[PDB]
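Here's the letter readout for the chains.
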Amino acid sequence: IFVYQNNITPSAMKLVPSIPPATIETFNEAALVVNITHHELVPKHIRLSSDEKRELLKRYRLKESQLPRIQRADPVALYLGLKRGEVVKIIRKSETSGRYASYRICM
Amino acid sequence: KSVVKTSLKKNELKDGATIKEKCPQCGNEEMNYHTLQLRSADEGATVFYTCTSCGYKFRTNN
Amino acid sequence: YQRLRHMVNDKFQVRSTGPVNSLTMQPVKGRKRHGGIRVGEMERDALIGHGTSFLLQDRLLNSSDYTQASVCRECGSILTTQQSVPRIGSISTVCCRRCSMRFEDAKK
Amino acid sequence: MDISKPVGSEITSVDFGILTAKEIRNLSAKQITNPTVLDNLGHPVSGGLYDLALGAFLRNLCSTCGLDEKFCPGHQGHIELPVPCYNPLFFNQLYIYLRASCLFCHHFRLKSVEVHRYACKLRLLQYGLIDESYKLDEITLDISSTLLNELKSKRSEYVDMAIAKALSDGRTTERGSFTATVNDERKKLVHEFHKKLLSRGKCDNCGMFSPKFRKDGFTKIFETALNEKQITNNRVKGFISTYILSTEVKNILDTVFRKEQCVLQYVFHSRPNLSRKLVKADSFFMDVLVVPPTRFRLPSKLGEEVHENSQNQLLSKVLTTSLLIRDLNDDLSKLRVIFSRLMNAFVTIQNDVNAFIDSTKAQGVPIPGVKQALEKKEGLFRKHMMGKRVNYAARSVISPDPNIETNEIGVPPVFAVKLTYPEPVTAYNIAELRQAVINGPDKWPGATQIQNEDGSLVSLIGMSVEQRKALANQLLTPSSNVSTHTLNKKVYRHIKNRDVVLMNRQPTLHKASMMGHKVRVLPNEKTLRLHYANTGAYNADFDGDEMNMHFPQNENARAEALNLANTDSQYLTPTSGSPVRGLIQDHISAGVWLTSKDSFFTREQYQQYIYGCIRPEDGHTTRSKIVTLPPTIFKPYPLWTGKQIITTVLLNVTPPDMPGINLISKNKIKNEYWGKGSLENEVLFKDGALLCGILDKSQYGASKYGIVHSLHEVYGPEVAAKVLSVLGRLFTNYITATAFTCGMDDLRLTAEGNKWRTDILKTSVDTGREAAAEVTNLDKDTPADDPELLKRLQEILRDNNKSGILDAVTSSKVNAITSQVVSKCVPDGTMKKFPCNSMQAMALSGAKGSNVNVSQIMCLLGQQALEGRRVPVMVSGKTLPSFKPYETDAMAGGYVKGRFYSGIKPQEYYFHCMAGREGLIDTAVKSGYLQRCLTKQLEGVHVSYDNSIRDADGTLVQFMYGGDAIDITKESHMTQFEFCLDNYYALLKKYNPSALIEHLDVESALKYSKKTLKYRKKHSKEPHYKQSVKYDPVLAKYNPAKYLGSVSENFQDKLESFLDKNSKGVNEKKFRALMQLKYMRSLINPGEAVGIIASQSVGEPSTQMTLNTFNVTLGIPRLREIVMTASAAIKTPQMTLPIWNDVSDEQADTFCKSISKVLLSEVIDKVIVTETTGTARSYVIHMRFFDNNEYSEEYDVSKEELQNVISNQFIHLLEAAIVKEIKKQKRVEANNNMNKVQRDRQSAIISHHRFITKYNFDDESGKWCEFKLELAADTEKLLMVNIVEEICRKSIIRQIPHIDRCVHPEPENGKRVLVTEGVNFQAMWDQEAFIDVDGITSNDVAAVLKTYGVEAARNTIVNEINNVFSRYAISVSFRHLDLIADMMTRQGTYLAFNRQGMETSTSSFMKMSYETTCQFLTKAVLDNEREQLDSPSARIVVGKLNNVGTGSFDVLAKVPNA
Ligand SMILES: [Zn+2]
Ligand SMILES: [Zn+2]
Ligand SMILES: [Zn+2]
Ligand SMILES: [Zn+2]
């Protein structure tokens, strides 16, 4: 995780996905002032294991992409550090059912 | 700098129109109303009720 | 009291099986011409709404332009199929113009 | 459709492709070469458009199949184009590939390794693997060919391995996986590929430059210009505008499509190319034209005139040009001019086929092309596929009828003798059909036709009783032919009283406007008769309305109209789960009288009212003998009460096996109207007996938790229907014996009451001037004729805002006088009083009208409001020529003291007319397109057998409907625990568990429910982010239809809370099981089209909000901002900031001002420019601001803050504005001896400013800013004041980005909040001392998505749509909103219900039937797409049964023999 102050050079930004399997994540300290997952409208997002995903895709007979989507650059997706393929479990409070578990695939 | 009133105060503007009607929320006597002829010239008039205790708007023709 | 000039149903109509347009093969427009009542997109939506798939099939197909048409399984088309012209004793058979080869061209 | 004619073959999928010239030449029935259509005499010319080889025409037999005009299907022909032509639809694409290719090495100018990278990514995307396509970019080693070829090898190795690995598992099939997100990733790449392809100038393979290709509107390509620097490299290429023919372009693309075949293989194939077909360039070119069969090109006949074929006109013109140009090029062989007309002919043939296909993209009325034919108006798909004119249907004006059943329709005998059903003759119905056959087509119940087993038809129309009798005795004869022994004869019998019909009242805004009714043929009728209970659902008033009757022609369609779309199941609408069925007017007024204490009845009268509405012979009874209660009065005379009739009707219609209904409800009529100490408002039902209270619109109307609704929940829908029909008859019979009338006596006030009216209205004269004196701000209340007041009112007249303040104040004051009159006079001042005052009775009962209408009749009309304000006023200050200019009277403003009983004064009447006309125009001027956009994108969305909400293509939208899987038409008494308790044994018998206990689990879910409740109670005070994620909800782990206890935590909390707060032979444990079982039986059925239902539930009630405002965007425009356009640029963007408790009301208002920002314009009072022309144009600009303490207390701006802005921003902005204006033209107190610190400041400013020369600012007091500007002698005249003015209102001293104003409204539902007129979260994040950063709400969805994520934006959509409905007091189930929001957020973005959002959808047929049919078709062909026919639209296009509801499964027959 690299917390930068104002801006990063376009040449320096190319060096971010240059060393696999190691991953690099950049964040502006002004954007980290307030935690987004602490907001009342942002439910609890939980990243699922390769086994938990495998089980979910079986119960509903789903294909990776056949699921609701979460963008790889989505604020919460960037917070949990989601990679493409990773499934996230969303426990959201409904004004009809209360606690409800939904899911989203990061592509 | 204008001698006449240019702006209204935060709460110094009371709702004038009031009619005796049972409140469905809890049970109040005083209730505000509004009139406007919607739809065709054959269709009736719609009444827009408003509560004074909470401040809840409403819409029912009959 | 005043009696208004309009008949109550001047647009009063009933159609069982009346004339159809050549292109769509669907009931033609016109009350006096024994025309059909239109089942528009909203009525289609309502029949989808009830989850009533046979009522939709009944209006938008069965009682509209339902045609049992010949299709070639080899090339998948309704426009290349045609009824063959048989000899004095032989029977006519549905044949595809696309998949069939000209007799002379069939060489070994 | 014939059931005797089954079909064994079916279309499973449609493949989009391009016809090859070689393919067309072989299938062609005849080559068309002649532009003439007819020979002399009248026979079609050989080689022409009407050739008999193209099918039977002009009573001649087809020369291909030999059949006549009826049986001949028609045959396709072809036109041989002498030169290849660009196909108009694919010109844009071939153009992209032409500009992207090198004219030397004949490869794309993009580097081979980069091209291979796209081919790799696109191959991996043929299969559903997006993650792998991105992982390919990670594979990395002016660069040598030996190194780059190794990169291509390593990349190809990963592609081959990733495909095989996923192929081994169930990740992708041999045919490849294809989803909307996969499609989104493909569409993104194919776009990026073409963008990179077009960007390259110099070829990366061979460094030589290619000449740029330019294009015009029509299909024609040409050469480009070329500077000297470009020339210097085109000559060193070998060292190391002109038109281009169609043949040259085809030849360039021929080689390029061969050399770049590997990438184009995946660029043009959506899924893997299993057919192994070569991607050839000649697909974009037309060497031939297919000639459609004569059948689809027939000349239109209108009466006597036979119009020339619309298609044959332009098509013959193409043939004339083709023959003319092939001969005008043939004489050139024996040879400038001949080349000139040859090229000109080459252009007019391409423009001829372009005109043959399209217009708007031709000419500049021309003949419409085939693209125009598919998009004439709404289009062929919308006008003739998604919608169609139908057979066996009728239309008529509806007339009311209370004597028919609520589930019936009165069919006129005219329709009954024309509408027939194909009834197959059998042993069980030979008797019934023999009679129909004898009766014939004019005697009901008859038959119009008889279909034999051989397939032939025998019309009974012309036949006499003798032939009909003979055919009837030949109906059940055994089939001699073995080829039809399976079949039996059919009788096309008249519509009987046992048939189903689909009643439709347009617009069909919701599925309740299209229900199934039971046919009841009524003799001597000329109109469709309909019961009053149906009035609500159809939204049909008997004001000369028309209704459509559809007669479905098969048993599967019958069953559907009798069990799914039938009227009985429509008692509750799925929008809010509230009733849409009930009695409407006479019946409501009848009930208030019949159930009144004063209503008594003798034995003779009582028994008559019972049999009058309950007939055992018509199956109305449940006891086979009419049971009667004893009288309420025994001595002196035996008498029955009115309420006892209601008890007896229930006693004979409700089952004997079940106990009587127990309900404690309320009335619309208050106890005060029924006298002292009455309890007649409390509706009381104890063991099915009306013991207290009358029955209103609130009981047997379409109103929730009334008697009919209570009966519906305890005894079911069939009983509630019986009760409605029974009550409907009783009140009709009661209104016949005991009538109801309205007259003048019901409109009069008493002498006492009329005195009150005149006295309260006597204070209204002062009100006019009082309010006029308040807004104007004048003490001691100045006279009406005051000269200062009249000058002050003029100031108000000229300003739209100032007049608004005057109108709103005067209106509120006069409306307060109105309310007083009404409250006093009605009802305590009315001469005739309730129940006898029928005018009053109708308003209180809810039969018709309200107390507002009653008050306009008996008291006053009140203030006539026009577009939110009072009466419009002229420039003279007069509201009418009768009133004085600037009259301070209520009457002059539109306040009507007169009533409709006494009459309106001429002055008052004119004002009323303005108000009336305004109401009328809004109805005419002001949900069709909003609903159409939602329904087309949600049609496929339904409930799957795995309880999840899945789209047509199987993609998951929701894991569970509303998160609990409950049907809204069931979620009503599910929280009505006391009701369910009082009816325990009745509901336990309803939800029969004895036949279910062996099919379900009774503990698994119940144990888990306790474990989740345990961890929930542990983190009660804890916030949502810190809450335990150990155990997720019981519904997530256990199927609600298989496990008793897998209930929503909302239901669980509510149920447990009832058992704790209410301690009451039913145990608290056996009741819990019943409610658990009720939830199980309240589940939404798999197959239910929740998509259409949701859009109908948002569409239909959004018609009620067509009226204008009485700041933020409301109604349909706000709903359009969300659903239809998903705007990132909202009209009224806002932020709701929750303020802490430690921040006071004064502190918050100071904070509002701080966010609040002033501009230079806002602090300036006057600007004086003293233009002196000298030497040099001297401009003395003096800035007279407001007092230092004034703007510092109004804008929180200091004098220091003002100094910095003028010395740095304003002067630099002013200098730039003057210079720009020069170019555009040519294209009291005395201050002297300024000193020291001030002198150093002035000298430093002179060095920084070119023309001011001087700069003096009030540093002590802070009231002025003076600066001198020096211009040249050539600058001459200039309007400096106007120049300065514009820059001042452009100069910012203050402002927080994207925010305009922060206000402090009244606490919303107890929450202390601040509403911002702008959106910037990061700025509010810094105000943590004032705002709770975890509760900062915003209406802007896109802004929320950008900062807080997709789930937050999703929650904003469901809240914002709810705000639109809650304002108009409309309740829409959150299950609908959540579905809509989930569909908008399906891609992780914010998609709207429009062409843009739809782009990421599998069905090209669904897309084609929405808009731009030919455009979506082109995109489908280029993808080589397979339409899987899984969307409702696609299925309708190909005549396949819809996969929703009854089409969500298959029916198989169990056969005994092996
Ligand atoms: Zn209230
Ligand atoms: Zn074929
Ligand atoms: Zn033919
Ligand atoms: Zn090249």
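Residues numbered from 1 in each chain as written, not as in the entry; some residues may be left out. Chains lettered and ligands numbered in written order. Part of a larger assembly, values for the part shown. Heavy atoms only, no water. Residues with missing side-chain atoms left out of burial classes, pairs and counts.

Judging from the entry metadata, cryo-EM is the method by which this structure was determined, and 4.4 Å is the reported resolution.

A. Local environment of the overall build of chain C. When its secondary structure is counted, chain C shows two helices and four strands. Across chain C, helices and strands are ordered from the amino to the carboxyl terminus as β-β-α-α-β-β. Taking 13 Å as the expected radius of gyration for a compact globule of 108 residues, we find that chain C reaches 23 Å, considerably beyond that expectation. With the C-alpha coordinates of chain C rotated into their principal frame, the extents come out at 95 × 35 × 20 Å. Partitioning the contacts of chain C with sequence separation of at least 6, the portion at a separation of at least 24 is 17%. (Helix = DSSP H or I, 4+ residues; strand = E, 2+ residues; numbered from the N terminus. Rg over C-alpha atoms; globule rule 2.2 N^0.38 Å. Contact = heavy atoms within 4.5 Å.)

B. A look at the sheet that holds strand β29 (residues 1135–1138) of chain D. All names here are of chain D. Taken in spatial order, the four strands make up an open sheet running β34-β35-β29-β36, and their pairing is antiparallel. Two strands bound the open sheet, and with one partner strand each, they are β34 (1299–1303) and β36 (1337–1338). Bridge count between β34 and strand β35 (residues 1313–1318): three bridges; the pairing is antiparallel. When the sheet's bridge partners are listed, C1302 is paired in β35 with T1316. (Pairing = 2+ DSSP bridges.)

C. How the structure looks around the environment of D:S569. Residue and element names in this part refer to chain D. Tracing the chain through its elements places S569 in the loop between α19 (555–563) and α20 (586–594). Taking C-alpha positions, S569 is 9.7 Å from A721, a pair spaced 152 residues apart along the chain. For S569, the side chain forms a polar contact with the main-chain oxygen of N566, separated by 3.1 Å. (Polar contact = N/O pair within 3.5 Å; in protein donor to acceptor, adjacent residues only side chain to side chain.)

D. Examining helix α2 (residues 91–100) of chain D more closely. For α2(D), the buried fraction is high: eight of the ten residues fall into the buried class. Burial in α2(D) covers these residues: D:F91, D:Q93, D:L94, D:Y95, D:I96, D:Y97, D:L98 and D:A100. (Buried < 20%, exposed > 50% of the residue type's maximum accessible area, 1.4 Å probe, protein only.)

E. Spatial organisation of the interface of chain C and chain D. Counting residues at the interface gives 59 residues for chain C and 82 residues for chain D. The closest approach of N and O atoms between D:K388 and C:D65, which form a salt bridge, is 3.5 Å. Connecting chain C to chain D are 44 residue pairs in polar contact. Those elements that place two or more of their residues in the side of chain C that touches chain D are β1 (13–15), β2 (37–39), α1 (41–49), α2 (53–62) and β3 (81–83) of chain C. (Salt bridge = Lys/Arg side-chain N within 4 Å of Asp/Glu carboxyl O.)

F. Up close: the interface of chain A and chain D. Listed as interface residues are 48 residues of chain A and, on the opposing side, 65 residues of chain D. A combined buried area of about 5100 Å² lies between chain A and chain D, and 52% of that area is made up of carbon and sulfur atoms. Ranking the residues of chain A by area buried against chain D places A:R69, A:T96 and A:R99 at the top, with a combined share of 15%. Where chain A packs against chain D, one counts seven salt bridges. As a salt-bridge pair, D:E1351 and A:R104 come within 2.8 Å of each other at their nearest N and O atoms. Listed by contribution, the elements that provide at least two residues to the side of chain A that touches chain D are β3 (44–47), β4 (69–70), α2 (75–80), β5 (87–94) and β6 (98–106) of chain A. Counting residues per element, the side of chain A that touches chain D draws most heavily on β6(A), which supplies seven residues. Split into classes, the residues belonging to the side of chain A that touches chain D amount to 24 nonpolar, 13 polar and eleven charged. (Buried area = accessible area lost by both parts, 1.4 Å probe. Nonpolar A, V, L, I, M, F, W, Y, C, P; charged D, E, K, R; others polar.)

G. Spatial organisation of the environment of D:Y673. Along the chain, D:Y673 falls in the loop between β21 (663–666) and β22 (682–685). Between the C-alpha atoms of D:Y673 and D:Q585, which are 88 residues apart in sequence, the distance is 20 Å. Beyond its immediate chain neighbours, meaning those up to four positions away, D:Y673 contacts B:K20, D:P827, D:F834, D:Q840, D:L844 and D:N851.

H. Structural view of unusual backbone geometry. The amide bond that connects A:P20 to the next residue, A:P21, takes the cis arrangement and shows omega of 5°. On the secondary structure map, A:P21 appears in the loop between β1 (2–4) and β2 (26–28). In this model, D:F834 is joined to D:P835 through a cis peptide bond whose omega is 5°. With a phi close to 55°, D:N1233 is a non-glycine residue in the positive phi region. Residue position: D:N1233 is located in the loop between α45 (1199–1226) and α46 (1236–1246). D:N1233 gets classed as exposed once you look at its relative accessible area, which sits at 60%.

I. How the structure looks around the arrangement of the chains. Where three pairs of chains are in contact, the pair with the most contacts is made of chains C and D. Regarding chain A and chain B, the two do not touch, and the least distance separating their C-alpha atoms is 19 Å.

J. Spatial organisation of the packing of aromatic side chains. Residue and element names in this part refer to chain D. In total, this model carries 47 aromatic pairs over all chains according to the counting rule given. Sitting over the face of the ring of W756, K824 holds its NZ or CZ atom 4.9 Å from the ring centroid. The positively charged end of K1419 is found above the aromatic ring belonging to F1416, 5.3 Å away from the centroid. (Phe/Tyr/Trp six-rings, centres within 6.5 Å; stacked < 30°, edge-to-face > 60°. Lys NZ or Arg CZ within 6 Å of the ring centre and 35° of its normal.)

K. Region of interest: the pattern of salt bridges. In this structure the tally under the stated criterion is 94 salt bridges over all chains. Here D:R1395 makes a salt bridge to D:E1399, at a shortest N to O gap of 2.8 Å. Accessibility expressed as a relative area gives 17% for D:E1399, which makes it buried. Each of A:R92, A:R104, D:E1351, D:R1354, D:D1378 and D:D1382 takes part in one network of salt bridges that share partners.

L. Structural detail: the pairing of strand β14 (residues 490–494) of chain D. All names here are of chain D. Within β14, five of the five residues are buried, which leaves the element mostly enclosed by the surrounding structure. Of the strand pairs in this sheet, strand β11 (residues 420–424) and β14 are connected by five bridges, and their pairing is antiparallel. Pairing of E423 across the sheet is with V491, part of β14. Bridging between strand β12 (residues 447–451) and β14 involves four bridges; their strand directions are antiparallel. Across the sheet, the residue bridging to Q451 is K490, located in β14.

M. Expanded view of the environment of D:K250. Residues and elements named next belong to chain D. Here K250 is to be found in helix α9 (residues 246–259). Taking relative accessible area as the criterion, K250 reaches 16% and is therefore assigned buried. Separated by 37 residues in the primary sequence, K250 and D287 have C-alpha atoms spaced 11 Å apart. Ignoring any residue separated from it by four or fewer positions in sequence, one finds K250 in contact with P84, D282, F285 and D287.

N. Region of the structure containing the side chain of D:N667. Residues and elements named next belong to chain D. By the element assignment, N667 lies in the loop between β21 and β22. Exposure remark for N667: the relative accessible area of 7% places this residue in the buried category. Within the structure, the side chain of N667 is placed 3.0 Å from the side chain of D696, a separation counted as a polar contact. Ignoring sequence-local partners within four residues, the contact set of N667 consists of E680, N681, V683, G693, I694, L695, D696 and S698.

O. Expanded view of a positive patch on the surface. On the surface, D:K1007, D:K1011, D:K1014, D:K1018 and D:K1030 cluster together into a patch of positive charge. Exposure remark for D:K1030: the relative accessible area of 60% places this residue in the exposed category. (Patch = residues over 30% accessible without salt bridge, like charges linked within 9 Å, V, L, I, M, F, W, Y side chains within 5 Å. Areas by Shrake-Rupley, 256 points an atom, 1.4 Å probe, with all protein chains shown as cover. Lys, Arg positive; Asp, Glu negative; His and termini not counted. Charge placed at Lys NZ, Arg CZ, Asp CG, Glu CD.)

P. Summary view of the sheet that holds strand β27 (residues 949–950) of chain D. Residue and element names in this part refer to chain D. Read from one edge to the other, the open sheet built from three strands follows the order β26-β27-β28, with strand pairing classed as antiparallel. Of all the strands in the sheet, the pair left with one neighbour each is β26 (942–943) and β28 (956–958). Bridging between β26 and β27 involves two bridges; their strand directions are antiparallel. In the strand pairing of β27, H942 is matched with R950. Packing of helix α51 (residues 1374–1384) onto the sheet brings it into contact with β27 and β28, and relative to β28 it is tilted by some 140°. (Axes fitted to C-alpha atoms, helices over the stretch in contact; angles between N-to-C directions.)

Q. Looking closely at the packing of helix α21 (residues 603–613) of chain D against helix α22 (residues 642–653) of chain D. All names here are of chain D. In contact at an axis separation of 10 Å, α21 and α22 are set at 40° when each is read in the N-to-C sense. Judged by the angle between their axes, α21 and α22 are oblique. Crossing of α21 against α22: the hand is right-handed. Along its contact with α21, which presents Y606, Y609, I610 and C613, the element α22 presents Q644, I645, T648 and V649. (Parallel < 35°, antiparallel > 145°, perpendicular 65-115°, else oblique. Left-handed = near helix turned anticlockwise from the far one by under 90°.)

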